[PDB]
Each structure stands twice: as C-alpha cells, then as structure tokens.
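final-v8.cif follows (mmCIF, C-alpha atoms and all ligand atoms):
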data_coords
#
loop_
_atom_site.label_atom_id
_atom_site.label_comp_id
_atom_site.auth_asym_id
_atom_site.auth_seq_id
_atom_site.Cartn_x
_atom_site.Cartn_y
_atom_site.Cartn_z
CA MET Y 1 -5.49 -23.19 27.03
CA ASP Y 2 -2.72 -20.58 26.72
CA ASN Y 3 -1.75 -22.03 23.34
CA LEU Y 4 -5.33 -23.01 22.44
CA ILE Y 5 -6.74 -19.48 22.49
CA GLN Y 6 -5.26 -17.71 19.48
CA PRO Y 7 -6.51 -14.43 18.03
CA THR Y 8 -5.24 -14.04 14.48
CA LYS Y 9 -5.06 -11.47 11.73
CA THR Y 10 -4.28 -11.64 8.02
CA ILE Y 11 -4.19 -9.08 5.20
CA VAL Y 12 -5.88 -9.96 1.91
CA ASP Y 13 -5.76 -8.80 -1.70
CA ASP Y 14 -8.66 -7.98 -4.03
CA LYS Y 15 -9.13 -11.71 -4.62
CA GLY Y 16 -9.18 -12.62 -0.92
CA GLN Y 17 -5.70 -14.16 -1.01
CA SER Y 18 -3.31 -13.58 1.90
CA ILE Y 19 -0.59 -11.01 1.22
CA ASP Y 20 1.07 -11.16 4.63
CA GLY Y 21 4.76 -10.45 4.05
CA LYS Y 22 4.24 -8.76 0.65
CA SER Y 23 5.05 -5.26 -0.55
CA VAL Y 24 2.39 -2.58 -1.07
CA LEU Y 25 2.23 0.96 -2.48
CA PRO Y 26 1.86 4.37 -0.72
CA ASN Y 27 -1.78 4.72 -1.79
CA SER Y 28 -2.69 1.07 -1.04
CA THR Y 29 -5.72 0.19 1.07
CA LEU Y 30 -4.79 -2.44 3.63
CA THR Y 31 -7.66 -4.83 4.31
CA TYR Y 32 -7.26 -7.09 7.32
CA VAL Y 33 -9.43 -9.95 8.50
CA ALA Y 34 -9.05 -10.50 12.24
CA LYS Y 35 -10.38 -13.35 14.35
CA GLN Y 36 -11.51 -13.15 17.98
CA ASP Y 37 -11.16 -16.77 19.07
CA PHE Y 38 -13.82 -18.18 21.40
CA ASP Y 39 -13.65 -21.81 20.31
CA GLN Y 40 -12.04 -23.06 23.56
CA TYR Y 41 -14.81 -21.53 25.69
CA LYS Y 42 -17.64 -23.55 24.11
CA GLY Y 43 -19.83 -25.45 26.54
CA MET Y 44 -17.96 -24.24 29.62
CA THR Y 45 -19.27 -22.15 32.51
CA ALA Y 46 -17.19 -19.14 33.55
CA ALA Y 47 -17.58 -17.64 37.03
CA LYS Y 48 -19.91 -14.62 37.15
CA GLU Y 49 -17.08 -12.48 38.52
CA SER Y 50 -14.83 -13.50 35.63
CA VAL Y 51 -17.54 -12.74 33.07
CA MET Y 52 -17.83 -9.25 34.56
CA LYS Y 53 -14.28 -8.56 33.37
CA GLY Y 54 -15.72 -8.75 29.88
CA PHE Y 55 -14.36 -9.29 26.41
CA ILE Y 56 -11.99 -6.88 24.73
CA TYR Y 57 -10.44 -7.05 21.26
CA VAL Y 58 -7.54 -4.77 20.32
CA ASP Y 59 -6.11 -3.84 16.97
CA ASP Y 60 -2.62 -2.45 17.40
CA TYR Y 61 -1.63 -0.86 14.09
CA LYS Y 62 1.80 0.71 13.58
CA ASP Y 63 0.82 4.33 14.10
CA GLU Y 64 3.85 5.75 12.24
CA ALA Y 65 2.74 3.89 9.12
CA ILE Y 66 -1.01 3.38 9.22
CA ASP Y 67 -3.36 6.35 9.46
CA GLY Y 68 -5.56 5.11 12.31
CA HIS Y 69 -8.17 7.76 11.51
CA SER Y 70 -8.72 6.23 8.06
CA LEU Y 71 -10.20 3.02 9.49
CA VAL Y 72 -13.31 1.72 7.77
CA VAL Y 73 -15.02 -1.12 9.63
CA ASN Y 74 -16.40 -3.24 6.82
CA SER Y 75 -18.07 -5.71 9.17
CA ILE Y 76 -17.82 -7.30 12.60
CA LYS Y 77 -19.66 -10.60 12.60
CA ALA Y 78 -20.11 -13.62 14.81
CA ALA Y 79 -19.73 -17.10 13.32
CA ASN Y 80 -23.53 -17.43 13.25
CA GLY Y 81 -23.71 -14.45 10.92
CA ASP Y 82 -24.87 -11.92 13.54
CA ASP Y 83 -23.81 -8.31 13.04
CA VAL Y 84 -22.31 -7.56 16.46
CA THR Y 85 -21.10 -4.01 15.81
CA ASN Y 86 -23.79 -2.48 18.04
CA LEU Y 87 -22.85 -4.81 20.91
CA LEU Y 88 -19.30 -3.44 21.14
CA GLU Y 89 -17.88 -0.11 22.23
CA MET Y 90 -15.46 1.02 19.55
CA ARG Y 91 -12.73 3.15 21.14
CA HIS Y 92 -9.94 4.83 19.21
CA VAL Y 93 -7.26 5.05 21.89
CA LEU Y 94 -4.61 7.61 20.93
CA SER Y 95 -2.70 7.32 24.20
CA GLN Y 96 -3.16 5.33 27.40
CA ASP Y 97 -2.20 8.29 29.60
CA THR Y 98 -5.75 9.16 30.61
CA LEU Y 99 -7.56 6.16 29.10
CA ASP Y 100 -10.69 5.08 31.02
CA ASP Y 101 -9.24 3.86 34.33
CA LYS Y 102 -11.15 0.56 34.34
CA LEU Y 103 -10.11 -0.35 30.81
CA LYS Y 104 -6.55 0.77 31.46
CA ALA Y 105 -6.38 -1.49 34.53
CA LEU Y 106 -7.82 -4.37 32.48
CA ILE Y 107 -5.12 -3.94 29.83
CA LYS Y 108 -2.38 -3.70 32.50
CA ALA Y 109 -3.40 -6.87 34.31
CA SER Y 110 -3.94 -8.89 31.12
CA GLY Y 111 -0.32 -9.48 30.09
CA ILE Y 112 -1.12 -7.60 26.87
CA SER Y 113 0.98 -4.62 25.75
CA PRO Y 114 -0.36 -2.50 22.87
CA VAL Y 115 2.10 0.14 21.65
CA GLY Y 116 1.12 3.71 20.76
CA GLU Y 117 -2.31 4.20 19.20
CA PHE Y 118 -4.76 1.33 18.97
CA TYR Y 119 -8.44 0.53 18.56
CA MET Y 120 -10.27 -1.50 21.15
CA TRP Y 121 -13.72 -3.09 21.00
CA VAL Y 122 -15.41 -3.70 24.37
CA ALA Y 123 -18.49 -5.85 24.91
CA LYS Y 124 -21.20 -3.49 26.22
CA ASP Y 125 -23.01 -6.29 28.08
CA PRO Y 126 -20.46 -8.92 29.20
CA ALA Y 127 -23.07 -11.35 30.53
CA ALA Y 128 -25.23 -11.14 27.39
CA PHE Y 129 -22.24 -11.33 25.05
CA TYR Y 130 -20.86 -14.29 26.98
CA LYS Y 131 -24.12 -16.22 26.73
CA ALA Y 132 -24.73 -15.41 23.05
CA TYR Y 133 -21.25 -15.86 21.56
CA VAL Y 134 -18.42 -16.77 23.94
CA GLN Y 135 -20.08 -19.71 25.70
CA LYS Y 136 -21.26 -21.00 22.31
CA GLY Y 137 -17.71 -20.88 20.94
CA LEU Y 138 -18.74 -18.47 18.19
CA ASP Y 139 -15.70 -16.59 16.90
CA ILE Y 140 -15.99 -12.93 15.95
CA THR Y 141 -14.53 -11.83 12.61
CA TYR Y 142 -13.44 -8.22 12.09
CA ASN Y 143 -13.01 -6.92 8.55
CA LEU Y 144 -11.05 -3.66 8.71
CA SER Y 145 -9.53 -1.35 6.07
CA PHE Y 146 -6.77 1.23 6.70
CA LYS Y 147 -4.87 3.74 4.55
CA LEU Y 148 -1.19 4.68 5.11
CA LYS Y 149 -0.05 8.11 6.37
CA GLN Y 150 1.10 10.18 3.42
CA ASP Y 151 4.30 11.16 5.26
CA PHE Y 152 5.31 7.53 5.76
CA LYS Y 153 7.53 7.11 2.71
CA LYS Y 154 9.36 3.89 3.53
CA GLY Y 155 9.66 1.21 6.18
CA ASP Y 156 7.58 -1.72 7.32
CA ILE Y 157 3.91 -1.80 8.23
CA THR Y 158 2.76 -3.94 11.14
CA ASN Y 159 -0.67 -4.82 12.47
CA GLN Y 160 -1.29 -7.04 15.50
CA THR Y 161 -4.42 -7.95 17.44
CA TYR Y 162 -4.87 -8.91 21.08
CA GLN Y 163 -7.80 -10.52 22.85
CA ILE Y 164 -8.66 -10.07 26.54
CA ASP Y 165 -11.22 -12.53 27.89
CA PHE Y 166 -12.26 -12.52 31.55
CA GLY Y 167 -9.21 -10.28 32.05
CA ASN Y 168 -6.86 -12.82 30.45
CA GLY Y 169 -4.73 -11.43 27.61
CA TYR Y 170 -3.71 -13.32 24.46
CA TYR Y 171 -1.35 -12.35 21.61
CA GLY Y 172 -2.11 -12.51 17.88
CA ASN Y 173 0.40 -12.86 15.04
CA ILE Y 174 2.18 -9.79 13.66
CA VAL Y 175 1.11 -9.07 10.09
CA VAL Y 176 3.97 -7.38 8.25
CA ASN Y 177 4.04 -5.56 4.93
CA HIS Y 178 6.84 -3.63 3.29
CA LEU Y 179 6.19 -0.23 1.78
CA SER Y 180 8.13 0.04 -1.46
CA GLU Y 181 10.01 3.31 -1.74
CA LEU Y 182 9.07 4.75 -5.13
CA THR Y 183 11.73 6.73 -7.01
CA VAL Y 184 12.26 7.60 -10.67
CA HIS Y 185 15.08 9.40 -12.45
CA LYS Y 186 15.43 11.65 -15.47
CA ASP Y 187 18.61 12.18 -17.42
CA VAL Y 188 19.53 14.18 -20.50
CA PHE Y 189 21.98 12.91 -23.12
CA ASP Y 190 23.63 13.88 -26.37
CA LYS Y 191 22.58 10.44 -27.60
CA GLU Y 192 20.80 7.36 -26.25
CA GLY Y 193 23.96 5.41 -25.36
CA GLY Y 194 26.04 8.47 -24.51
CA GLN Y 195 27.08 10.39 -21.39
CA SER Y 196 24.90 12.71 -19.30
CA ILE Y 197 25.00 16.35 -20.34
CA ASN Y 198 23.06 17.67 -17.32
CA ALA Y 199 24.05 21.34 -16.85
CA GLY Y 200 25.97 21.22 -20.14
CA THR Y 201 25.62 23.40 -23.20
CA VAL Y 202 23.54 22.36 -26.19
CA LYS Y 203 24.06 24.16 -29.49
CA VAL Y 204 20.92 25.42 -31.20
CA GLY Y 205 19.43 23.06 -33.82
CA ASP Y 206 20.92 19.94 -32.29
CA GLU Y 207 19.07 16.96 -30.87
CA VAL Y 208 19.04 15.77 -27.30
CA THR Y 209 17.54 12.71 -25.74
CA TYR Y 210 15.75 12.56 -22.41
CA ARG Y 211 15.73 9.25 -20.58
CA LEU Y 212 12.72 8.78 -18.32
CA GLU Y 213 13.74 5.88 -16.08
CA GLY Y 214 10.70 3.99 -14.78
CA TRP Y 215 10.55 2.42 -11.33
CA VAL Y 216 10.97 -1.35 -11.29
CA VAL Y 217 7.94 -3.11 -9.79
CA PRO Y 218 9.36 -5.84 -7.53
CA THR Y 219 8.34 -9.46 -7.15
CA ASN Y 220 6.64 -10.71 -3.98
CA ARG Y 221 4.25 -7.76 -4.15
CA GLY Y 222 0.63 -7.83 -2.93
CA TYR Y 223 -0.92 -6.21 -6.00
CA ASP Y 224 -1.34 -6.43 -9.76
CA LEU Y 225 -0.67 -3.61 -12.22
CA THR Y 226 -3.42 -1.25 -13.46
CA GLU Y 227 -1.41 1.86 -14.41
CA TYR Y 228 2.18 2.61 -15.50
CA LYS Y 229 2.27 5.95 -17.28
CA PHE Y 230 5.00 8.49 -18.02
CA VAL Y 231 3.95 12.15 -18.02
CA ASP Y 232 6.33 14.90 -19.16
CA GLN Y 233 5.59 18.61 -19.65
CA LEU Y 234 8.31 19.50 -22.12
CA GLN Y 235 9.58 23.08 -22.30
CA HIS Y 236 8.19 23.25 -25.83
CA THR Y 237 9.32 26.87 -26.28
CA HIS Y 238 12.85 25.40 -26.52
CA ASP Y 239 12.48 21.63 -27.05
CA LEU Y 240 10.70 20.37 -30.14
CA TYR Y 241 9.48 16.77 -29.73
CA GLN Y 242 10.71 14.42 -32.47
CA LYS Y 243 9.99 10.84 -31.39
CA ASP Y 244 10.03 8.39 -28.51
CA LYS Y 245 10.90 4.79 -27.72
CA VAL Y 246 10.10 2.56 -24.74
CA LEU Y 247 12.17 -0.47 -23.66
CA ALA Y 248 11.80 -3.21 -21.06
CA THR Y 249 14.36 -2.80 -18.27
CA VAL Y 250 13.77 -6.27 -16.77
CA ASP Y 251 12.61 -9.64 -18.09
CA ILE Y 252 8.79 -9.61 -17.99
CA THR Y 253 6.76 -12.82 -17.66
CA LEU Y 254 3.11 -12.83 -18.74
CA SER Y 255 0.25 -15.06 -17.59
CA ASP Y 256 0.46 -17.21 -20.72
CA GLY Y 257 3.99 -18.14 -19.68
CA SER Y 258 5.67 -16.08 -22.41
CA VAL Y 259 8.65 -13.87 -21.53
CA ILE Y 260 9.52 -10.40 -22.80
CA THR Y 261 13.27 -10.03 -22.39
CA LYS Y 262 15.04 -7.01 -20.95
CA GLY Y 263 15.80 -4.57 -23.78
CA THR Y 264 12.74 -5.48 -25.87
CA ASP Y 265 10.80 -2.65 -27.54
CA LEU Y 266 7.45 -2.19 -25.78
CA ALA Y 267 5.77 0.31 -28.14
CA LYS Y 268 2.98 -2.06 -29.16
CA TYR Y 269 1.84 -2.33 -25.54
CA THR Y 270 1.59 1.44 -25.14
CA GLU Y 271 0.04 4.64 -26.44
CA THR Y 272 1.97 7.86 -26.90
CA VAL Y 273 0.19 11.20 -26.95
CA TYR Y 274 1.99 14.45 -27.63
CA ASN Y 275 0.19 17.76 -27.62
CA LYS Y 276 2.07 20.13 -29.93
CA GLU Y 277 0.25 23.20 -28.66
CA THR Y 278 0.88 22.61 -24.95
CA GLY Y 279 4.08 20.53 -24.94
CA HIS Y 280 2.40 17.82 -22.90
CA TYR Y 281 3.83 14.33 -23.46
CA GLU Y 282 2.32 11.11 -22.16
CA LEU Y 283 3.16 7.43 -22.66
CA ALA Y 284 0.80 4.95 -21.02
CA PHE Y 285 0.94 1.18 -20.88
CA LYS Y 286 -2.30 -0.48 -21.95
CA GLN Y 287 -4.34 -1.96 -19.09
CA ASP Y 288 -5.07 -5.23 -20.90
CA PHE Y 289 -1.30 -5.73 -21.22
CA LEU Y 290 -0.53 -4.68 -17.64
CA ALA Y 291 -3.19 -7.14 -16.48
CA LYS Y 292 -1.17 -10.03 -17.94
CA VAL Y 293 2.03 -9.44 -15.92
CA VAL Y 294 2.24 -12.07 -13.17
CA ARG Y 295 3.10 -11.23 -9.54
CA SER Y 296 6.19 -13.41 -9.58
CA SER Y 297 7.58 -11.15 -12.32
CA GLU Y 298 9.26 -7.76 -12.06
CA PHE Y 299 8.06 -4.97 -14.36
CA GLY Y 300 9.92 -1.91 -15.56
CA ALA Y 301 10.48 0.25 -18.62
CA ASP Y 302 12.47 3.32 -19.68
CA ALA Y 303 11.19 5.90 -22.13
CA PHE Y 304 13.56 7.81 -24.41
CA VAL Y 305 12.26 11.09 -25.73
CA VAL Y 306 14.09 12.77 -28.61
CA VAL Y 307 13.78 16.55 -29.07
CA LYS Y 308 15.35 19.24 -31.25
CA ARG Y 309 16.70 22.34 -29.50
CA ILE Y 310 15.04 25.25 -31.25
CA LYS Y 311 15.71 28.34 -29.11
CA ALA Y 312 18.43 29.85 -26.91
CA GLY Y 313 18.01 29.97 -23.12
CA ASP Y 314 17.98 27.60 -20.11
CA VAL Y 315 15.91 24.47 -20.69
CA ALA Y 316 14.62 22.28 -17.85
CA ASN Y 317 12.86 18.93 -17.81
CA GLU Y 318 11.30 16.62 -15.23
CA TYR Y 319 8.78 13.80 -15.49
CA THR Y 320 6.23 12.04 -13.35
CA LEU Y 321 5.56 8.32 -13.42
CA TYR Y 322 2.15 7.09 -12.28
CA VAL Y 323 2.23 3.54 -10.93
CA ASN Y 324 -1.23 2.33 -9.87
CA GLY Y 325 -2.24 5.93 -9.20
CA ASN Y 326 0.92 6.84 -7.23
CA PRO Y 327 2.70 9.84 -8.73
CA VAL Y 328 6.50 9.57 -8.62
CA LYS Y 329 8.28 12.79 -9.54
CA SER Y 330 11.75 12.58 -11.07
CA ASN Y 331 14.70 14.84 -10.43
CA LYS Y 332 14.99 17.81 -12.75
CA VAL Y 333 17.68 18.24 -15.40
CA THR Y 334 18.75 21.38 -17.27
CA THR Y 335 20.88 22.35 -20.27
CA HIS Y 336 21.69 25.74 -21.71
CA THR Y 337 21.69 26.93 -25.31
CA CA N 1 -0.07 1.04 17.75
#
Go ahead and express the file in the form of structure tokens.
Ligand SMILES: [Ca+2]
Amino acid sequence: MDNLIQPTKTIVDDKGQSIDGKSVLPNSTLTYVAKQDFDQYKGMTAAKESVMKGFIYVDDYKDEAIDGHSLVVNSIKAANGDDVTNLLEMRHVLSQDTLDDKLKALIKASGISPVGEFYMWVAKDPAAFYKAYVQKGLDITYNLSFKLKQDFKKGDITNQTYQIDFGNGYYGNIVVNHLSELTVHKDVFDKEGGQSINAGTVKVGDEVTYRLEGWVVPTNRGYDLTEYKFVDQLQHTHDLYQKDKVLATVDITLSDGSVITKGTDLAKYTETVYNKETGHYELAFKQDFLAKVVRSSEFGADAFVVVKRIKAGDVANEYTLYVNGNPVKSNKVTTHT
C-alpha cells in the first residue's frame, strides 16, 4: 500500500486548469487543491490502537517564498460533500522546537519530514473521523490560497503535502512554480536609433527621446494579461512632451491565430494620456486586446517618448510599468542643459 496511498497537490488558474511548473507574478494568488487519500482504507478494519494515532494532513509551503500567514482556506470537504473544517484542528506550525510533544513525536515516527513552517490539520476525534470518512474511503479535498512574501523577489516556489494515517507517513508531489523577476529599463537618446546620452548635455530647444523598455512576458506562464501600462511623470518644467510611439518587441500571437511581428506599431491597441498641467504621461494597452494574447506567446512593447528641452538645469526621468497590477520601477536617467 506504500505506493497505493498517495496524497497529491496541484495549483490551478482562474479556469481551474493546472499550472504546475508555470511562472507567476509577485502579486499572484496561488490556489492549490490538495487531496488526502483514503481510497485504500475502504472496507478495512484498523486496530483501535492504530486509529488512536489519528489522521494528520500537512501542507509544507516554501516559507521563504509563500507568506504562510496569508492562507485562506476556501474549503475542506470530504468526497461525500461534507464540510469537515470543524472536525480538524488547524495548526500553523512556525517551528517544531516546542511543537505539541505528541504531534511532534507522531511526525518524527512517521517517516515524514516537513521543512521550516507548515500547516497541519489534525482529526479532533480519530475514531469518529475514521468511521465517517477513512473507513469509507472518502478522500478529503483541501482548497487553499496563499500570497507570496513581498521580499521574495525571485526564485522558485514549492508546495508539498504529507499525510499521516495511523502514524504512517506518506509523501505528496512537489508543486513548483517560478517567480518571474520583473525589471524594466529607461534610456535617454538624442534620437530613436542613436546612442545613450545619459548624464550628457542637452542644448536648450533641442529634442530628446526617452525609451521606456517594457518587460517581456514569457511563455509557459500561469496567467493571462489584464494590464500592461507605462506611467511616466515627466519633469515638465524642463521637458515639453511632443509625441509618443509604441512598438512590439517580440512576435505576438493572438487567439485568432494571427501574428503581430516584432517591430510592429501598436498604437491602435493602446490609449495615450498626457496631462499638460501636471506632466503626467500614461500609455495603457486596451484590455480587450490584452485578453487576446495566448499563453504560448510572449508579450512585450517599448514606448518612445519625444520631448523638447525648454529650460536650463538638471533633468531626470524614470518610469513605472504596471503588469497585471505589479509596479515595476525603471532606473533613472538624467541630462543637463
Ligand atoms: Ca515549509
């Protein structure tokens, strides 16, 4: 039965599809569906002393990546539909050092080895729980949502469950997701195809071009696109906005099968707003367009913002890209006039 008892977990997108192995974003909600497998136990009779050792389920999240305190338990349900949340002790174990001695001994003797922080669910009434669910072979399904720690900027995210029945430990699969590291860059040029003039001198009355380089959204991701917006507070005391342009930086495939080639003008899929009084510049991709980009396609664009230098002094610029609600701040650039 060692290979016939198999707790499992998966991670699912907003359409209930598995995204195990896929990339996610810093502000992503990770929703896992975990199974506590009792199928093998159906119709059998466990010894009373073995039943007394109870039924424990463990969710071992990577505590460097996942904020364990953000857990929302969406549901914990038996195969017969029963809500079993009130039948289980939910324990957020931050360290085993002084964990309840009985439970700590149970974990030790099980063969199971949770690392760092974990949650455990313990049947409050082993005999009752055994009779109602375990002996009937009724699996328990846990639906759990976590957020990431804001200080976890890159690396992989892992989640693994364990099951301890009658003191016997069993290992679940390791669900892995990659956190994309988001970066964007700003440069300042004499002209669109020219050389960087960062820290250079710009004569009054001349034009300069800022390039706002958008982050490329990678393939094999676990999400679709709902926002991709450039925001730039221009130093409008010194830089007078003239015009912009936005270009695809990768080939983009849409749901209809059509392809937008790298270098194509993307203006018609966007809206530019410039506020002359405040110097606030924004270019946002339209949601109905973003919704058509397939997951097997990369997505990226650069914006080029043309300004006239109207006053002497030091002139700085930076921009922020918002990708699905994640702000990505660029480096700064400066020039002097
Ligand atoms: Ca852990």
Set out as a tab-separated table a contact list for chain Y and ligand CA 1 (chain N) with a cut-off of 8 Å, giving each residue of chain Y that qualifies its closest atom pair and distance in Å to one decimal, counting all atoms listed in the file, ordered by chain and rising residue number.
residue	atom	partner	partner_atom	distance
Y:59	CA	N:CA1	CA	7.8
Y:60	CA	N:CA1	CA	4.3
Y:61	CA	N:CA1	CA	4.4
Y:62	CA	N:CA1	CA	4.6
Y:63	CA	N:CA1	CA	5.0
Y:114	CA	N:CA1	CA	6.2
Y:115	CA	N:CA1	CA	4.6
Y:116	CA	N:CA1	CA	4.2
Y:117	CA	N:CA1	CA	4.1
Y:118	CA	N:CA1	CA	4.9
Y:159	CA	N:CA1	CA	7.9
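Closest approach to residue 246 in chain Y among Y:200, Y:205, Y:300, Y:279: Y:300, based on all atoms listed in the file.
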*Residues at most 8 Å from residue 183 in chain Y, counting only C-alpha atoms, excluding those fewer than 5 positions away in the same chain, as a VMD selection string?*
chain Y and resid 215 328 to 330
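Among Y:157, Y:24, Y:87, Y:99, the residue with the shortest atom-to-atom distance to residue 123 in chain Y, counting all atoms listed in the file, is Y:87.
Considering the residues Y:144, Y:94, Y:44, Y:234 and counting only C-alpha atoms, residue 72 in chain Y has its shortest atom-to-atom contact with Y:144.
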_Excluding range 124-126 of chain Y and its own-chain neighbours fewer than 4 positions away, which residues fall within 8 Å of it when counting only C-alpha atoms? Please give them as a list in words._
residues 51, 52, 53, 54, 55, 87, 88, 89 and 130 of chain Y
Missing atoms of range 126-138 of chain Y rebuilt to N, CA, C and O atoms, written as a PDB file, keeping the file's coordinate frame:
ATOM      1  N   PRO Y 126     -21.298  -7.726  29.057  1.00  0.00           N
ATOM      2  CA  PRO Y 126     -20.460  -8.920  29.200  1.00  0.00           C
ATOM      3  C   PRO Y 126     -21.266 -10.201  29.398  1.00  0.00           C
ATOM      4  O   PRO Y 126     -20.981 -11.206  28.737  1.00  0.00           O
ATOM      5  N   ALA Y 127     -22.264 -10.162  30.278  1.00  0.00           N
ATOM      6  CA  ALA Y 127     -23.070 -11.350  30.530  1.00  0.00           C
ATOM      7  C   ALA Y 127     -23.845 -11.772  29.278  1.00  0.00           C
ATOM      8  O   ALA Y 127     -23.889 -12.946  28.933  1.00  0.00           O
ATOM      9  N   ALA Y 128     -24.452 -10.814  28.590  1.00  0.00           N
ATOM     10  CA  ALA Y 128     -25.230 -11.140  27.390  1.00  0.00           C
ATOM     11  C   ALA Y 128     -24.331 -11.652  26.263  1.00  0.00           C
ATOM     12  O   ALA Y 128     -24.683 -12.601  25.549  1.00  0.00           O
ATOM     13  N   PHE Y 129     -23.182 -11.003  26.101  1.00  0.00           N
ATOM     14  CA  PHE Y 129     -22.240 -11.330  25.050  1.00  0.00           C
ATOM     15  C   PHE Y 129     -21.626 -12.710  25.304  1.00  0.00           C
ATOM     16  O   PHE Y 129     -21.393 -13.489  24.373  1.00  0.00           O
ATOM     17  N   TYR Y 130     -21.389 -13.005  26.579  1.00  0.00           N
ATOM     18  CA  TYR Y 130     -20.860 -14.290  26.980  1.00  0.00           C
ATOM     19  C   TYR Y 130     -21.833 -15.415  26.624  1.00  0.00           C
ATOM     20  O   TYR Y 130     -21.457 -16.437  26.046  1.00  0.00           O
ATOM     21  N   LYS Y 131     -23.098 -15.211  26.966  1.00  0.00           N
ATOM     22  CA  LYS Y 131     -24.120 -16.220  26.730  1.00  0.00           C
ATOM     23  C   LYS Y 131     -24.365 -16.436  25.229  1.00  0.00           C
ATOM     24  O   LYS Y 131     -24.501 -17.571  24.763  1.00  0.00           O
ATOM     25  N   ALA Y 132     -24.396 -15.345  24.470  1.00  0.00           N
ATOM     26  CA  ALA Y 132     -24.730 -15.410  23.050  1.00  0.00           C
ATOM     27  C   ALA Y 132     -23.602 -15.945  22.173  1.00  0.00           C
ATOM     28  O   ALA Y 132     -23.858 -16.698  21.226  1.00  0.00           O
ATOM     29  N   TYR Y 133     -22.364 -15.545  22.461  1.00  0.00           N
ATOM     30  CA  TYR Y 133     -21.250 -15.860  21.560  1.00  0.00           C
ATOM     31  C   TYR Y 133     -20.123 -16.653  22.203  1.00  0.00           C
ATOM     32  O   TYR Y 133     -19.754 -17.699  21.699  1.00  0.00           O
ATOM     33  N   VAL Y 134     -19.590 -16.159  23.316  1.00  0.00           N
ATOM     34  CA  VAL Y 134     -18.420 -16.770  23.940  1.00  0.00           C
ATOM     35  C   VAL Y 134     -18.658 -18.209  24.396  1.00  0.00           C
ATOM     36  O   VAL Y 134     -17.886 -19.120  24.068  1.00  0.00           O
ATOM     37  N   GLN Y 135     -19.733 -18.402  25.152  1.00  0.00           N
ATOM     38  CA  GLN Y 135     -20.080 -19.710  25.700  1.00  0.00           C
ATOM     39  C   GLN Y 135     -20.511 -20.696  24.606  1.00  0.00           C
ATOM     40  O   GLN Y 135     -20.490 -21.918  24.807  1.00  0.00           O
ATOM     41  N   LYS Y 136     -20.912 -20.159  23.458  1.00  0.00           N
ATOM     42  CA  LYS Y 136     -21.260 -21.000  22.310  1.00  0.00           C
ATOM     43  C   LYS Y 136     -20.071 -21.250  21.387  1.00  0.00           C
ATOM     44  O   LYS Y 136     -20.197 -21.942  20.375  1.00  0.00           O
ATOM     45  N   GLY Y 137     -18.919 -20.684  21.733  1.00  0.00           N
ATOM     46  CA  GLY Y 137     -17.710 -20.880  20.940  1.00  0.00           C
ATOM     47  C   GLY Y 137     -17.807 -20.245  19.561  1.00  0.00           C
ATOM     48  O   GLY Y 137     -17.217 -20.736  18.602  1.00  0.00           O
ATOM     49  N   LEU Y 138     -18.547 -19.150  19.460  1.00  0.00           N
ATOM     50  CA  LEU Y 138     -18.740 -18.470  18.190  1.00  0.00           C
ATOM     51  C   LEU Y 138     -17.735 -17.343  18.004  1.00  0.00           C
ATOM     52  O   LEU Y 138     -17.878 -16.267  18.599  1.00  0.00           O
TER      53      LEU Y 138
END
